[PDB]
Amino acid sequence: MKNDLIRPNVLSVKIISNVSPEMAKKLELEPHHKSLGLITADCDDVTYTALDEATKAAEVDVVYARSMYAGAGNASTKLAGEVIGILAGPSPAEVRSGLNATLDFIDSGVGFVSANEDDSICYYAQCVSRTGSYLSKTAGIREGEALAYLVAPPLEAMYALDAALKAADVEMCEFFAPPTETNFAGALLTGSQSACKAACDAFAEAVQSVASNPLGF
């Protein structure tokens, strides 16, 4: 139903101790990256937010983060979901600490939200109050600054991004042009925490507006 949280689910997690040099090379790891933490889940942008959160209190870097074509509902295998993320760290223990923070965040109540009665339209309107090292890098902002992380299906997202930019004192940092691999779209916008919150609220309202009257015209 409208405003229901879509629960995100972790599907697989593994640690690699002593990654092989060939893989370190293809993954373009830094010399001090000895261990990898691998994770897949059925919701990509939640997982991206969670990996970024893990970087704040552990010595891990997000070295790989990709979404699957056509999303988790079209996955052909059980563990592919719609995202793969890889953390790299100095040891299996520090990687485990990052993975633990990732899982905790994924289960913290964050998630996409339904915009209508049968949950056939959903969006992500997440106020990242202080970025870690991953989203700060991708958005081009300093670690510790705020983002609105806004995602919705393509038309909803273009419409609602415009609404969010008009409603709030925020800047466009990164545009997820439609389609992403999952056939969504959105952006990372930056500003103060209150401005990012105002952008999240406006984005959510606008997606719901489209959902209620898609063909108004």
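One-based numbering along the sequence shown.
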### Summary
Per the PDB entry, mean CA B-factor is higher for 144-152 or 54-62, namely for 54-62
### Task
Quick one: say whether 88-96 or 74-82 has the higher mean Cα B-factor in the deposited entry.
88-96
### Query
Which one of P179, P31, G186, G37 shows the biggest C-alpha B-factor in the PDB entry?
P31
### Task
Pick out which of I16, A204, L11, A198 has the highest C-alpha B-factor in the PDB entry.
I16
### Task
Compare the C-alpha B factor of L135 with those of the other modelled residues in its chain, then answer lowest, middle or highest third.
middle
### Task
Divide the modelled residues of the chain into thirds by Cα B-factor and specify which third, lowest, middle or highest, holds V113.
middle
### Message
Considering every modelled residue of the chain and its Cα B-factor in the PDB entry, is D169 in the lowest, middle or highest third?
### Response
highest
### Cα B factor band for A163 (lowest, middle or highest third within the chain)
middle
